[PDB]
Amino acid sequence: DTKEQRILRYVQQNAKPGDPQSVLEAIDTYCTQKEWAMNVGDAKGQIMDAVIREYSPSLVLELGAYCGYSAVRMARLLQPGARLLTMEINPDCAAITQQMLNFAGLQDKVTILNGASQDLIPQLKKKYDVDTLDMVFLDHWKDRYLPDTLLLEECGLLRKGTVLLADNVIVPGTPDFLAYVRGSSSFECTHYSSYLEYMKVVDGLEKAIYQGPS
Ligand SMILES: Cc1nc(C)c(-c2cc([C@H](C)c3ccccc3)n[nH]2)s1
Ligand SMILES: [K+]
Ligand SMILES: [K+]
């Protein structure tokens, strides 16, 4: 039994099937009242909602599904004929995410790809019939935001207008990625400030006694 399974169980026992809103609220409740977990959450969720509503992307790529929260969040807004592709490195999480989408009734809009971003991204054109992406949501390993962004470019998957939306760029932080897209005149950058809440998690003090110079 894992934390991720417990999240899914809580949803299955408390949310109304076919109701994505209901699913989102159950995950947000669990991860902030019952047991802390990595979770985009409703505050940042509203920023995502506004971005999707503004740009109405049709083909969306998500890096890092975890338990499906972001997938449910985005896919519930996607229009008929839209496709969300989600890459998830961990088979257990990929399975959790599939169940999350089934329960929300959003599974027809999403294709979960199980594997590493740098192995999958070069396959998107040939194997998944992708010309260019409308939107990319980055939420996977923080040190892979910059190299995957460059890999997307090299593969020809970005067009003028493609929206990159990156989470957790402050905490834990992705300073190389932020410096690149802000520095490069090929990206127009807006930063939406929000919060990350921790609750009932393991922390600690370090005691360090100076021994003198050496
Ligand atoms: C090279 C990589 N390709 C993918 C698709 C990765 C990936 C990361 C995650 C989860 C969300 C995560 C996010 C942050 C820290 C730990 C775990 N899922 N999938 S890594
Ligand atoms: K820039
Ligand atoms: K503030």
Side-chain angles (χ1 to χ4, degrees), residues 2-8 27 30-31 36-48 50 60-75 84-101 110-124 127-128 130 133 135-155 157-158 160-198 201:
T2 66
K3 180 160 74 181
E4 292 72 25
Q5 289 180 270
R6 284 190 294 273
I7 298 184
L8 176 63
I27 296 162
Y30 188 85
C31 300
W36 182 91
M38 254 179 44
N39 184 63
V40 171
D42 185 73
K44 294 177 177 183
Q46 285 178 51
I47 293 158
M48 296 171 62
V60 183
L61 168 64
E62 174 179 23
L63 309 181
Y66 191 40
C67 290
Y69 182 86
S70 293
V72 172
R73 192 104 208 180
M74 293 187 283
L84 167 63
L85 311 174
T86 328
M87 308 180 171
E88 170 51 51
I89 187 91
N90 187 281
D92 294 350
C93 289
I96 299 287
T97 293
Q98 187 61 75
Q99 285 307 306
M100 206 63 77
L101 292 164
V110 190
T111 306
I112 302 168
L113 308 185
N114 183 241
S117 62
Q118 78 279 354
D119 305 328
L120 294 179
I121 288 171
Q123 298 190 305
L124 287 172
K127 188 184 179 173
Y128 296 93
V130 170
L133 304 168
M135 174 172 174
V136 180
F137 179 70
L138 296 87
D139 205 20
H140 60 324
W141 292 349
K142 302 322 159 198
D143 61 277
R144 303 287 185 97
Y145 286 27
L146 177 47
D148 286 352
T149 295
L150 298 170
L151 178 58
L152 285 169
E153 273 188 79
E154 187 193 0
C155 285
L157 290 160
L158 311 183
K160 180 175 190 172
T162 299
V163 180
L164 299 206
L165 189 64
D167 192 11
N168 300 125
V169 298
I170 305 308
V171 175
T174 61
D176 64 347
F177 169 81
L178 290 181
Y180 174 75
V181 291
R182 291 174 188 176
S184 161
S185 55
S186 288
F187 296 87
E188 201 181 298
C189 301
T190 306
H191 179 75
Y192 299 103
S193 223
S194 195
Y195 316 87
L196 207 77
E197 290 179 299
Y198 299 102
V201 297

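Both ligands and their constituent atoms are indexed starting at 1 by order of listing. Here, residue 1 is the first one in the sequence, and each next residue gets the next number.
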Report summary line: Note: ligand 1 atoms sitting under 4.0 Å from heavy atoms of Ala116 are 3 (N)
Query raised in the report: For atom 19 (N) of ligand 1, what's the nearest protein heavy atom and its distance?
Result: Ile89 N, 3.1 Å
Report task. Kindly say whether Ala65 contributes a backbone atom to a donor-acceptor pair with the side chain of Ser70 at under 3.5 angstrom? Result -> no
Query raised in the report: Should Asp167 and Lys142 count as an ion pair when the cut-off is N to O under 4.0 Å?
Result: no
Query raised in the report: In ligand 1, which numbered atoms sit nearer than 4.0 Å to a non-hydrogen atom of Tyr66?
Result: 11 (C)
Query raised in the report: Has the side chain of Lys44 got a donor or acceptor atom that lies under 3.5 Å from a matching backbone atom of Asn39?
Result: no
Query raised in the report: Hey, is the K ion (ligand 3) within less than 3.4 Å of some N/O/S atom on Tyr195?
Result: yes
Query - Atom indices of ligand 1, in the order listed, that fall short of 4.0 Å to a heavy atom of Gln118 - result: 1 (C)
Query raised in the report: Among all protein non-hydrogen atoms, which one is nearest to atom 12 (C) of ligand 1, and what is the separation to 0.1 Å?
Result: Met38 CE, 4.0 Å
Query - Residues, nucleotides or ligands: over 12 heavy atoms within 6.0 Å of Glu154 CD - result: no
Query - Close approach, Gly115 and ligand 1, non-hydrogen under 4.0 angstrom - result: yes
Query raised in the report: Which residues and atoms, protein N, O or S only, are under 3.4 Å from the K ion (ligand 2)?
Result: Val181 O, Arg182 O, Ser184 O, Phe187 O
Query - Identity and separation of the nearest protein heavy atom to atom 15 (C) of ligand 1 - result: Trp141 CD1, 3.8 Å
Report task. Give the residue and atom name of whichever protein heavy atom lies nearest to atom 14 (C) of ligand 1, and the separation in Å to one decimal. Result -> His140 O, 3.5 Å
Query raised in the report: Are the side chain of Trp141 and the backbone of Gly64 linked by a donor-acceptor contact shorter than 3.5 Å?
Result: no
Requested in this report: Please could you name the atoms of ligand 1 that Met87 approaches to less than 4.0 Å, counting only its heavy atoms?
Outcome: 5 (C)
Report summary line: Nearest non-hydrogen protein atom to atom 3 (N) of ligand 1, with distance, is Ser117 N, 2.9 Å
Query raised in the report: Can you name the nearest heavy-atom pair linking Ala94 to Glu88, along with the distance?
Result: N-CG, 3.6 Å
Query raised in the report: Nearest to atom 18 (N) of ligand 1, what protein heavy atom do you find, and at what distance?
Result: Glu88 OE1, 2.7 Å
Requested in this report: Please state whether the rings of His140 and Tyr145 are parallel, tilted or perpendicular, taking 30° and 60° as the class boundaries.
Outcome: parallel
Query raised in the report: Contact between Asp139 and ligand 1, counting heavy atoms under 4.0 Å?
Result: yes
Report summary line: Taking only non-hydrogen atoms of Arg144 and a 4.0 Å limit, the atoms of ligand 1 in range are 1 (C)
Query raised in the report: Just heavy atoms, cut-off under 4.0 Å: does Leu120 contact ligand 1 by side chain, backbone, both, or neither?
Result: neither
